[PDB]
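Down below is the structure, laid out as structure tokens.
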Amino acid sequence: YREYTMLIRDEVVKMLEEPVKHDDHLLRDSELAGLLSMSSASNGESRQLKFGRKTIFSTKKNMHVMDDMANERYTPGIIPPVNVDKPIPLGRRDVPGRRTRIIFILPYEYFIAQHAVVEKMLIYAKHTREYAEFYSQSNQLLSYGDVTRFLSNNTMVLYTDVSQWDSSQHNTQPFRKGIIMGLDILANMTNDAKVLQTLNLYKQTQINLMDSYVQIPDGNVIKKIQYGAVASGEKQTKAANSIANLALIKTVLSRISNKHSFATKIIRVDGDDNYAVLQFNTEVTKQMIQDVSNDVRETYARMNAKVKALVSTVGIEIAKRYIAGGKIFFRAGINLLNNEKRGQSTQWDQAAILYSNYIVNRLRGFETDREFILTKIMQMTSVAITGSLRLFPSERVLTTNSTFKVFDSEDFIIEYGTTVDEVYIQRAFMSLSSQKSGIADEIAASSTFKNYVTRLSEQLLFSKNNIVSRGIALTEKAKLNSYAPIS
Amino acid sequence: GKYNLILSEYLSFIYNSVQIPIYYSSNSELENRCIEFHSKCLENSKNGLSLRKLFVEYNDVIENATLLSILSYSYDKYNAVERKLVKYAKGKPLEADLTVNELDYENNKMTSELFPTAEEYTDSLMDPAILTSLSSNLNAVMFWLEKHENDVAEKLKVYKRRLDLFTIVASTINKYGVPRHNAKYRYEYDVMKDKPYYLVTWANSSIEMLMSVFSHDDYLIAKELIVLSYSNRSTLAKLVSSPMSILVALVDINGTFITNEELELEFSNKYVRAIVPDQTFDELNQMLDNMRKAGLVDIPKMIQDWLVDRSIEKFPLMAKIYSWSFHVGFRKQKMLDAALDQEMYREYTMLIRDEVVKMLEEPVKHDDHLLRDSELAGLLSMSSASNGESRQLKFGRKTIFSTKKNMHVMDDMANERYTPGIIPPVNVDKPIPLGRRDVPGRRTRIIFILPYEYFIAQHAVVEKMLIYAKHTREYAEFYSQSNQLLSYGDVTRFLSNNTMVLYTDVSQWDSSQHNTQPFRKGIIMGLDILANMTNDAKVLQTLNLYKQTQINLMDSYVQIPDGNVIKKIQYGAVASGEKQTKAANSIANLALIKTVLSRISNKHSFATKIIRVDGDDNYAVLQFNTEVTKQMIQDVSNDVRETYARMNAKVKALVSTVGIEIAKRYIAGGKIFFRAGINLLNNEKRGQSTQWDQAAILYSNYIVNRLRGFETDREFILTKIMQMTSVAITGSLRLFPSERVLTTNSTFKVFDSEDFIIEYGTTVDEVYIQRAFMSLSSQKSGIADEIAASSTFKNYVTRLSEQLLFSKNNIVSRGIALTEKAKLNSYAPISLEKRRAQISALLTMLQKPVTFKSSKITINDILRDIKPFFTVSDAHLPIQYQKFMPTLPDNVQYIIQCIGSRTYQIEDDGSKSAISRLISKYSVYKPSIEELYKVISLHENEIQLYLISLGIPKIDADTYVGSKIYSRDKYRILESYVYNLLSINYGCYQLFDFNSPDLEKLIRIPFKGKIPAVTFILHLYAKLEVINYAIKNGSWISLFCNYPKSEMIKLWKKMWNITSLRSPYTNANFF
Amino acid sequence: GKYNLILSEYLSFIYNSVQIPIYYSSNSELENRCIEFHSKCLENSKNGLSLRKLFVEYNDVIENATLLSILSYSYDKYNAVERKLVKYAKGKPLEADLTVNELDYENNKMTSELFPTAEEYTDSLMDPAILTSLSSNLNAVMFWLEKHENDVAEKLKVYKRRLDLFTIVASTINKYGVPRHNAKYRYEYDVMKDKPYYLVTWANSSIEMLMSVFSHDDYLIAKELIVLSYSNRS
Amino acid sequence: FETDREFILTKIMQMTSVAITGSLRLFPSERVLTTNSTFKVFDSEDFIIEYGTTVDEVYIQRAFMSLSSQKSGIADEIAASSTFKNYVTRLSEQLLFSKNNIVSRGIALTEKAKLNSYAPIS
């Protein structure tokens, strides 16, 4: 894993080489940025809180910062240990046709110590084609065209399914070693306390992780076993995962070269799949593909990693898209009548979501009869005013472009008030669009909210910032509803 | 989307006895389908039948319509808390060591002890003051645990920690039972009588903290504070935080950002060795010992471990502690106790007077119109004036208990009582009532309650003072549009191995009985000097009246309560409550440091590189003609402290070479840090906000904390919003508003469906609902209108105008009336009448709309138009800027790493426009951005009269109307209005450099025509879109725009017809 | 933001017998959460159960949504004024020197004197003409005093002044009781018949002025005008 | 003259509230009360006027405009009699030549805007 981890570290450095020496303001003030980002942060345990003179069960990580700051408990410089003493709760992600995967549940100190670095990492990715997921504003079509591009009778394509490898206990040591090693190299590049502070804190996240215990339930009881594998839940997850996956293919591809001579035309990563089109100084024979595939699989095997290493000359399949016959294909299996998890959406939104799902499927392939969908919307939107009187909303109410719009009167086509009635109703609907919450206001009434906002601003403003200040408050008052008692 | 589904779990969790979702839609056919589905659902449920078949029979409704809210038919008692809590009462209750609080009542005794009788009890010492219940918090916490009782790996560990801790709360609460809350969310005497007085507030703080834990350290910290706080309620917060000041000095600086000539943060590679003297280390040991001798164990140990290497890389922890110490609650002691704490000043007072003069030197000689008409300006300002006693009033034929100072002016003017030339004496005869301000980890401070004559005699002078401050860097709080980042960069700037920094904590000095004489003498002396500079009666009248405020103050008695009785003691200290408070306080604090710094010079020779003030802290970086030695720092600090001592002033004078700490921001390791302790489940005081606004405020608080450091689990916050927003239509039927209703940008918007990211109606439904919500946005008050019907209101408005207008001012006149009709609601009978009435309209609103005569356009409508013309394509941005605010969540920090950040505020009021300056140069009136926006959108002929109507000279007024500058001014007014509507200055955006060269490249926009308006919005819309994508993806996207020339004209019309959406809770503005 | 919370004090102050906040939001998911929180709150209250647990279970609603209004379930009679006022009726009622007004009816006589019979009475000479009640003003004034009964330093002095003066109003009004207002916020003949005709308007003006005092001078002024106005009305 | 702002807030609280039952009053919130609309009573900070900046304010802002102007079952019938039609036409006949209706539509509402005054309509 010397070759493998070495690339992971090096990739980390490039992504953060120029910013570190210059002493990027983002790196220096990483704490404020991560703090601000919380709205787009993961999730933590549904802790207990008190604001003013009441109690709540908020699970949102941002609010935790509020309770902690207004309680002298807030201490980001000290990132909670994720081991036997204070293990990691657990979250999950289900998907049809695949073993269930777990999701960590690290506290907020972790997101804060990871937002700036990852964000800076992504910018590098943003302009690097190897990362087919980030590059520019690129859509899946660009990725599709790139593969067919070099396909010729003298070049074979190779795709993989490193999903299991990303959680292989073997992977964690290298993965963590490389990230930490790079942070070390970057730290010996600056003399800025703010940056070094950030460079160091990120390093610690990896060290605490190196040995992480999991609060795994086992019935109405909560067991507590160890865990030497890497899971998702960190900011760097999606970004760092790619770095590793890209690092892996580079390692396998170079090793196989020892035997056959090719030419790496393109190399790419995409979550749980990494591919590459390599050209050969001669025509591709069945024997050649069989040999390379074997050499590739054995190589993957040597690194003790479970993977689906296939090889072709005209097509590739991966989790997001499959190119069969030179044509681009997308899977179309989004369960419509069985959701993955019970979120916080409402029955109405549930329907608008169902219609959204239906359209995506129709576009991709699978097509549930539209009459059936209309029926569901009829069932899902209706509301009862009495025990023997339901009120089924009309098509105009349902499709008119508003905050309650569920679908379209003609799939793929969006209409806009053209008649007087549509506009008459259109202006009328906006009225009762945002109705205050007898909780979302009082919360901004406690010293906690005021201190948190002011505390964040005091290190963000100089003059009379209120245009900025007014927005930050609503930024929270827009997510706060999440909390059951408010939603 | 996860919020709507999550809410289902919460409801099913609480209720075990139906859930009738409600779907709406812009689509007309679907809408009838929605109504059928809804109607059948009630029938099925009120008949005890299934509903699975109905949902299948309405897949279109579920999948294609929007969820409007979820009805809940229940029939228990909402006493599920008593039953659920027991499962967690397995632990052993906590016993408070009633021998910890210096002040008896600060101890967590049994309520029946502190208050033997009901007429003696007063939740005035522990009131959460928040419109949410303890049972709710307990309920919310239990819901999370039920949901995450099976999580695995690290997620589980969070549960084990959360599970453990919560047990401490459940076990203790269980012993006394779960206190019942009344409608006013207060805690009466009967419930409280047999329970540990400080129980309810404690549970909120413990719940707030335990639901903010993730890593092991969070747990020890939440655990230690949770436990000690139960008994210690007067020094835990102060003790835990205290050492942070010394710690900042300890770490060196490996590369930091500074302030360059263009006053923008610039990355510097400079290195500074944090050298500290031996004695300073002992000072820190004592802080640790005091923490130790006070019960602490693990937290002290942590700092101890940190001190072995003092690596900024492991500093994040020290920060979590300082931020966490604040979430222990508010130190709410008895008013009297708070009140009780309260030759060589020639140099000191002399500077205070001189500073006062400079601020008012040029204006006085010229005879500034503001100084001359100070009475009208102060009168107009009343809306932004302090507060006075809730007097008794009569308007027309009724009676009211208004506390607002402006209304007092109305009663007095219409009663011949109004007499500003005679400012009420504030002594034994007519003492000063009292107000208060509580803060975690600090002795309670009092607030005067002077009448309105005082604000009026102080608005113009202070306002003129501030303008001077506005362009003077010494006052780090006022200078330009400066944000805290500029202040941060200035300190690191000169830091070198030949210069030591010095910070102070003059908070106590500002209230030291010693201070009042000098402070007042200097202000009065300066007024005397200024008075002998003019011959203008109006100005001299104003210059004199201000002087008197000081003289009446010199000897001020306080109406201090002492039980159900109102004592009346003296008071030789200065307090807040005057206009000049914040401004004058700084003058004094700056005056103080100048005095100490000059005196110390007598010994060592340095060079004052920078000097600054900031409320209760003042600092300075001084350079030395040689390398700084530990001995040198020890000597200077001593000389400084002794000097502060000579002036008999209690202060925290520290000294370092690499870091500084102060009340607003601490710079440890060359990196800028902000505290993150805003209590979420325990408010300071019971304002006039509503339950809904309370929630939007809570979410605001949560985001600020996340951004600063502390992070309460977002799921918990969602739960609170679910509890706080819901409203009952019957005694067994609550109506929980949906996620679309809650997050859609409106006057009821509480949060965002993705923190740090603001959405805008893009679908037909969002807009359909968006236009619908605006309707019932402002509902008349059967009080706020009649009040404008009495001769009082009419006389007051006319009286103010008669000395403000000449021509037909009504554009100005119409605004002034609403200016009052917008605050008037404050008065309980109006806020309560409007709030209660709003519920009937709101409940009905969800029911059935479909009939609205929309015609008004907003940002939602404008932005929706531009969307289709933007072509997005993957782009890439490298991370180049280092980190300086290490706490920022990774997704937020990433944007700064790529595009950078600004150390300035974006003009969002039009204050920097030529027309505004002209209106200000001659008239004292001040039209808002909205007024400037409406006025600018007028015809040249109309605009000319407006200026005349206010007083601008015709020669000058005519010159503007034509002039090229006016055209540009038309562009600037719109810019300020637009930025205001995008809160570009609040939230997390205030930390983003929106003019970043790096961000600008990602946007592509051809100039179809030199039309500054449209080119502007397309660009800003382009920038916001790219930033938001960055936050929600970690990758960048590049946008292209081919907006047709024809489309631009249609869009141009829309730009001057955008209305607003009030919701103030959204307030995230922290630095 | 202080207005919404202040309103809570006022409601809790007036009602002692529930308060069901109502939150709305543009966010759709939060909105359903708001509805759940609202629905459960009615059920808990109409069943005499707590609500502390529910608020914790809806922190998102309190913190992130907007307050739309605050419902109030009461069951008394809104006659809390009679009871609260007595605490302040300690002072000695004022007696109007009916020998001050050149025009007889300008004098603050007993209504039954100026208008012996009901068909003769006419509030046309003292009608506040405002759609607010005297009891409300009295109620509002009492609320402020309860809230600022412990203020310290100079703030307290404002209270002492406000406290003193108000007593003049409370003491005088108490002697005749607090006049009841009808839907039209007018003052009929029966209520007025045994009270100093110019009482209601006077109380409004006295209340308006005493709630406009701050400095010592304001007090003497509010005090002198308040007293002389009771008899002098011309 | 300055009446304590807290007192004024109290009056607004009393004056705005509305009862739906005999034992249930509905006190409108601060957002409902100060948000710039046809029901706006005051400002959350005297002398300063705000404008919807958050999504909620705008969401509510568009919603309030809806029920802003609700027809009067009297102000319409009045324009239905020959009297109103004759009066409008009579005034216009000596004011117009071509197809004036832009002007004509306004005159009618000019009256339909004050007509409410009449008690039975207000």
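By order of appearance in the structure tokens: chains A, B, ..., then residues from 1 within every chain, and ligands from 1 in the order shown.
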Inset, instruction - Determine, counting only C-alpha atoms, which protein, DNA and RNA residues have an atom within 9 Å of an atom of residue 957 in chain B; residues of the same chain fewer than 3 positions away are not included. Present the result as JSON, numbers by chain. - result: {"B": [918, 944, 945, 947, 948, 952, 953, 954, 960, 961]}
Inset, instruction - Please determine the contact residues of chain C with respect to chain A at a cut-off of 12 Å, counting only C-alpha atoms, and supply them as a PyMOL selection string. - result: chain C and resi 1-8+19-41+50-71
Include C-alpha atoms and write out the residues we just selected as a compact mmCIF listing (two decimals), in the first residue's frame.
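part39.txt written:
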# COMPACT_ATOMS: atom_id res chain seq x y z
CA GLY C 1 -38.48 40.35 18.00
CA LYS C 2 -39.01 41.69 21.53
CA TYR C 3 -42.63 42.43 20.64
CA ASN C 4 -43.55 38.79 20.15
CA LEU C 5 -42.08 37.75 23.49
CA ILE C 6 -43.43 40.79 25.32
CA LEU C 7 -46.88 39.80 24.13
CA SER C 8 -46.46 36.53 25.99
CA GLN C 19 -51.39 29.64 25.08
CA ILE C 20 -51.14 27.79 21.79
CA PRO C 21 -48.56 29.49 19.55
CA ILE C 22 -49.00 29.08 15.79
CA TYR C 23 -46.09 28.78 13.40
CA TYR C 24 -46.10 29.04 9.62
CA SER C 25 -43.32 28.62 7.08
CA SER C 26 -42.50 28.80 3.40
CA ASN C 27 -40.66 25.51 3.83
CA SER C 28 -43.03 22.68 2.95
CA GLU C 29 -41.66 19.98 5.23
CA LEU C 30 -41.41 22.37 8.18
CA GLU C 31 -44.97 23.42 7.49
CA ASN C 32 -46.33 19.90 8.07
CA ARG C 33 -44.14 19.85 11.16
CA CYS C 34 -45.80 23.11 12.17
CA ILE C 35 -49.22 21.57 11.70
CA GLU C 36 -48.31 18.51 13.78
CA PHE C 37 -46.98 20.69 16.57
CA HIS C 38 -50.12 22.81 16.46
CA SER C 39 -52.50 19.86 16.45
CA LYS C 40 -50.81 18.11 19.33
CA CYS C 41 -50.81 21.34 21.35
CA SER C 50 -48.14 19.74 29.87
CA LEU C 51 -46.56 21.14 26.71
CA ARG C 52 -42.92 21.32 27.70
CA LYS C 53 -42.16 18.01 26.05
CA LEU C 54 -43.91 19.10 22.84
CA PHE C 55 -41.84 22.26 22.54
CA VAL C 56 -38.66 20.28 22.89
CA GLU C 57 -40.12 17.94 20.27
CA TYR C 58 -40.50 20.91 17.93
CA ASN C 59 -37.39 22.99 18.50
CA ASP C 60 -37.13 23.20 14.74
CA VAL C 61 -40.54 24.87 14.67
CA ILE C 62 -39.71 27.37 17.42
CA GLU C 63 -36.22 28.16 16.18
CA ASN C 64 -36.69 27.93 12.39
CA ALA C 65 -40.32 28.85 11.61
CA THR C 66 -42.22 32.10 11.91
CA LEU C 67 -44.76 32.82 14.62
CA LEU C 68 -48.07 33.59 12.98
CA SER C 69 -50.12 34.48 16.07
CA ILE C 70 -50.82 33.20 19.61
CA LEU C 71 -54.21 31.64 20.42
Inset, instruction - Using DSSP on the backbone, list every residue of range 18-93 of chain D that comes out as strand (DSSP E or B), and give them as number ranges by chain. - result: D: 18-21, 24-28
Let me see the file: selected residues, N, CA, C and O atoms, as a compact mmCIF listing (two decimals), in the first residue's frame.
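Result written to again-v9.txt:
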# COMPACT_ATOMS: atom_id res chain seq x y z
N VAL D 18 -58.31 39.57 17.88
CA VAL D 18 -59.69 39.31 17.48
C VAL D 18 -60.13 37.96 18.01
O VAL D 18 -59.36 37.00 17.98
N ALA D 19 -61.38 37.89 18.49
CA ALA D 19 -61.93 36.66 19.06
C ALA D 19 -62.69 35.81 18.05
O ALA D 19 -63.49 36.33 17.27
N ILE D 20 -62.44 34.51 18.07
CA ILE D 20 -63.14 33.60 17.16
C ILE D 20 -64.29 32.94 17.93
O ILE D 20 -65.29 32.52 17.33
N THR D 21 -64.14 32.85 19.26
CA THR D 21 -65.17 32.30 20.14
C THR D 21 -65.34 33.25 21.31
O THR D 21 -64.71 34.30 21.36
N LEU D 24 -61.95 32.64 23.31
CA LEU D 24 -60.74 32.44 22.53
C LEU D 24 -60.42 33.63 21.63
O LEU D 24 -61.09 33.87 20.63
N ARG D 25 -59.38 34.36 22.02
CA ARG D 25 -58.93 35.50 21.25
C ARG D 25 -57.69 35.07 20.45
O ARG D 25 -56.98 34.14 20.85
N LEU D 26 -57.45 35.74 19.32
CA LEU D 26 -56.31 35.42 18.46
C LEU D 26 -55.40 36.64 18.28
O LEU D 26 -55.68 37.52 17.47
N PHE D 27 -54.31 36.69 19.03
CA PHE D 27 -53.39 37.81 18.95
C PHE D 27 -52.41 37.64 17.82
O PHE D 27 -51.57 36.75 17.85
N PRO D 28 -52.49 38.50 16.79
CA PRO D 28 -51.60 38.44 15.63
C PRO D 28 -50.16 38.65 16.05
O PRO D 28 -49.89 39.41 16.98
Legend entry - Gap from CA of residue 781 in chain B to CA of residue 834 in chain B - Å, one decimal: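 Atom-to-atom, CA of residue 781 in chain B to CA of residue 834 in chain B, that is 5.9 Å.
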Inset, instruction - Could you please write out, as a VMD selection string, every residue of range 36-208 of chain C that DSSP assigns to helix (DSSP H, G or I)? - result: chain C and resid 36 to 45 52 to 56 59 to 64 80 to 88 104 to 106 111 to 114 118 to 120 123 to 125 134 to 147 154 to 176 189 to 192 199 to 208
Legend entry - d(CA of residue 368 in chain B, CA of residue 803 in chain B) in Å: 16.7 Å
Legend entry - Proximity to chain A - best of D:15, D:121, D:55, D:63, only C-alpha atoms: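 Selected residue with least distance to chain A: D:63.
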Legend entry - residue 398 in chain A environment, 6 Å, only C-alpha atoms, sequence neighbours closer than 5 positions dropped, as a list in words: residues 405 and 406 of chain A; 24, 25, 26, 27, 28, 30 and 31 of chain B
Output the selection as a PDB file, in the first residue's frame - C-alpha atoms for each residue.
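The resulting file, selection.pdb, is shown below:
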ATOM      1  CA  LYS A 405     -47.929  22.968  -7.228  1.00  0.00           C
ATOM      2  CA  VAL A 406     -47.801  19.186  -7.383  1.00  0.00           C
TER       3      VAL A 406
ATOM      4  CA  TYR B  24     -52.603  21.480  -2.565  1.00  0.00           C
ATOM      5  CA  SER B  25     -51.657  22.245  -6.157  1.00  0.00           C
ATOM      6  CA  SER B  26     -51.572  24.962  -8.773  1.00  0.00           C
ATOM      7  CA  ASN B  27     -53.006  22.426 -11.196  1.00  0.00           C
ATOM      8  CA  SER B  28     -56.787  22.802 -11.234  1.00  0.00           C
ATOM      9  CA  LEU B  30     -55.294  17.816  -9.485  1.00  0.00           C
ATOM     10  CA  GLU B  31     -56.686  20.237  -6.945  1.00  0.00           C
TER      11      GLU B  31
END
Inset, instruction - Work out how far CA of residue 306 in chain B is from CA of residue 199 in chain A, in Å to one decimal. - result: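 Computing it gives 16.8 Å between the two atoms.
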Legend entry - Of the listed residues D:17, D:72, D:35, D:94, that which approaches residue 54 in chain D most closely, counting only C-alpha atoms: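 Looking only at the distances to residue 54 in chain D, the closest residue turns out to be D:35.
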Legend entry - Pick from A:29, A:270, A:211, A:421, whichever lies nearest to residue 173 in chain A using only C-alpha atoms: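 Result for the nearest residue to residue 173 in chain A: A:211.
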Legend entry - Residue contacts of residue 84 in chain A (12 Å, only C-alpha atoms) excluding same-chain residues fewer than 4 positions away, as a ChimeraX atom specification: /A:80,88-89,208-209,211-215,223-227 /B:153-154,156-158,160-161,215-217
Would you save the residues from that selection as a CSV table (one decimal), in the first residue's frame, using N, CA and C atoms?
chain,number,residue,atom,x,y,z
A,80,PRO,N,-14.1,16.1,19.8
A,80,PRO,CA,-14.5,14.9,20.5
A,80,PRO,C,-13.9,13.6,19.9
A,88,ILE,N,-19.4,6.3,18.1
A,88,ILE,CA,-20.1,7.0,17.0
A,88,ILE,C,-21.5,6.4,16.8
A,89,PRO,N,-22.5,7.2,16.9
A,89,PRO,CA,-23.9,6.7,16.7
A,89,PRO,C,-23.9,6.2,15.3
A,208,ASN,N,-8.5,10.3,15.2
A,208,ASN,CA,-9.6,9.8,16.1
A,208,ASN,C,-10.3,8.7,15.4
A,209,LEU,N,-10.4,8.8,14.0
A,209,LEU,CA,-11.1,7.8,13.2
A,209,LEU,C,-10.3,6.5,13.1
A,211,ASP,N,-9.2,4.6,15.0
A,211,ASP,CA,-9.7,3.7,15.9
A,211,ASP,C,-11.1,4.2,16.3
A,212,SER,N,-12.1,3.8,15.7
A,212,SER,CA,-13.5,4.3,15.9
A,212,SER,C,-14.5,3.2,16.3
A,213,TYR,N,-15.1,3.3,17.5
A,213,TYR,CA,-16.1,2.3,17.9
A,213,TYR,C,-17.5,2.8,17.5
A,214,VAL,N,-18.4,1.8,17.2
A,214,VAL,CA,-19.7,2.1,16.8
A,214,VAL,C,-20.8,1.7,17.7
A,215,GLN,N,-21.7,2.6,18.0
A,215,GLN,CA,-22.8,2.4,18.8
A,215,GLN,C,-23.9,1.7,18.0
A,223,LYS,N,-25.9,-2.3,21.5
A,223,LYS,CA,-24.6,-2.9,21.8
A,223,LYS,C,-23.6,-1.9,21.5
A,224,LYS,N,-22.3,-2.3,21.4
A,224,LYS,CA,-21.2,-1.4,21.2
A,224,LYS,C,-20.0,-2.2,20.8
A,225,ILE,N,-19.8,-2.4,19.5
A,225,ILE,CA,-18.7,-3.1,18.9
A,225,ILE,C,-17.7,-2.2,18.3
A,226,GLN,N,-16.5,-2.8,17.9
A,226,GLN,CA,-15.5,-2.0,17.3
A,226,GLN,C,-15.8,-1.7,15.8
A,227,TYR,N,-14.8,-1.3,15.1
A,227,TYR,CA,-15.1,-1.0,13.6
A,227,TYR,C,-13.8,-0.5,12.9
B,153,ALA,N,-22.0,1.6,14.3
B,153,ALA,CA,-20.7,2.2,14.3
B,153,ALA,C,-20.6,3.5,15.1
B,154,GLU,N,-20.0,4.5,14.5
B,154,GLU,CA,-19.8,5.7,15.2
B,154,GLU,C,-21.1,6.4,15.5
B,156,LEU,N,-23.8,5.2,16.5
B,156,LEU,CA,-24.3,4.6,17.7
B,156,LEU,C,-23.6,5.2,18.9
B,157,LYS,N,-22.3,5.5,18.8
B,157,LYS,CA,-21.6,6.0,20.0
B,157,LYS,C,-22.2,7.4,20.4
B,158,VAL,N,-22.7,8.1,19.4
B,158,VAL,CA,-23.3,9.4,19.7
B,158,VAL,C,-24.5,9.1,20.5
B,160,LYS,N,-25.0,6.4,22.5
B,160,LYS,CA,-24.6,5.9,23.8
B,160,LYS,C,-24.4,7.1,24.7
B,161,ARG,N,-23.7,8.1,24.1
B,161,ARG,CA,-23.4,9.3,24.8
B,161,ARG,C,-24.6,10.1,25.1
B,215,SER,N,-18.7,13.9,19.5
B,215,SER,CA,-17.4,13.2,19.8
B,215,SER,C,-17.3,13.0,21.3
B,216,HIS,N,-16.4,12.2,21.6
B,216,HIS,CA,-16.2,11.8,23.0
B,216,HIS,C,-16.0,13.0,23.9
B,217,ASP,N,-15.2,14.0,23.5
B,217,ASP,CA,-15.0,15.2,24.2
B,217,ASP,C,-16.2,16.0,24.4
Legend entry - Distance criterion (only C-alpha atoms): nearest to chain C out of D:36, D:56, D:42, D:100: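 Among the listed residues, D:56 lies closest to chain C.
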Inset, instruction - Hey, list the chain D side of the contact with chain A: 10 Å cut-off, only C-alpha atoms, answer as a list in words. - result: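 Listed by rising number, the hits are residues 29, 30, 31, 32, 50, 52, 53, 54, 55, 56, 57, 58, 59, 60, 61, 62, 63, 64, 65, 66, 67 and 68 of chain D.
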So that I have them on file, write out the residues from the current selection with C-alpha atoms, as a PDB file, in the first residue's frame.
ATOM      1  CA  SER D  29     -47.809  38.081  15.648  1.00  0.00           C
ATOM      2  CA  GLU D  30     -45.106  40.698  15.134  1.00  0.00           C
ATOM      3  CA  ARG D  31     -44.359  39.380  11.639  1.00  0.00           C
ATOM      4  CA  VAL D  32     -48.022  39.663  10.712  1.00  0.00           C
ATOM      5  CA  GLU D  50     -38.123  46.799   6.664  1.00  0.00           C
ATOM      6  CA  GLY D  52     -39.167  41.030   3.033  1.00  0.00           C
ATOM      7  CA  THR D  53     -35.640  39.718   2.841  1.00  0.00           C
ATOM      8  CA  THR D  54     -36.247  36.183   4.040  1.00  0.00           C
ATOM      9  CA  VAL D  55     -38.262  33.575   2.153  1.00  0.00           C
ATOM     10  CA  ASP D  56     -40.848  33.507   4.939  1.00  0.00           C
ATOM     11  CA  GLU D  57     -41.482  37.242   4.786  1.00  0.00           C
ATOM     12  CA  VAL D  58     -42.033  37.094   1.054  1.00  0.00           C
ATOM     13  CA  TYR D  59     -43.975  33.842   1.335  1.00  0.00           C
ATOM     14  CA  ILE D  60     -46.298  35.567   3.797  1.00  0.00           C
ATOM     15  CA  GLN D  61     -46.047  38.836   1.890  1.00  0.00           C
ATOM     16  CA  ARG D  62     -47.540  37.372  -1.314  1.00  0.00           C
ATOM     17  CA  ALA D  63     -50.083  35.512   0.788  1.00  0.00           C
ATOM     18  CA  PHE D  64     -51.411  38.642   2.512  1.00  0.00           C
ATOM     19  CA  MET D  65     -52.041  40.563  -0.700  1.00  0.00           C
ATOM     20  CA  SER D  66     -54.545  37.856  -1.620  1.00  0.00           C
ATOM     21  CA  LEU D  67     -57.290  38.725   0.868  1.00  0.00           C
ATOM     22  CA  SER D  68     -56.460  42.443   0.577  1.00  0.00           C
TER      23      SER D  68
END
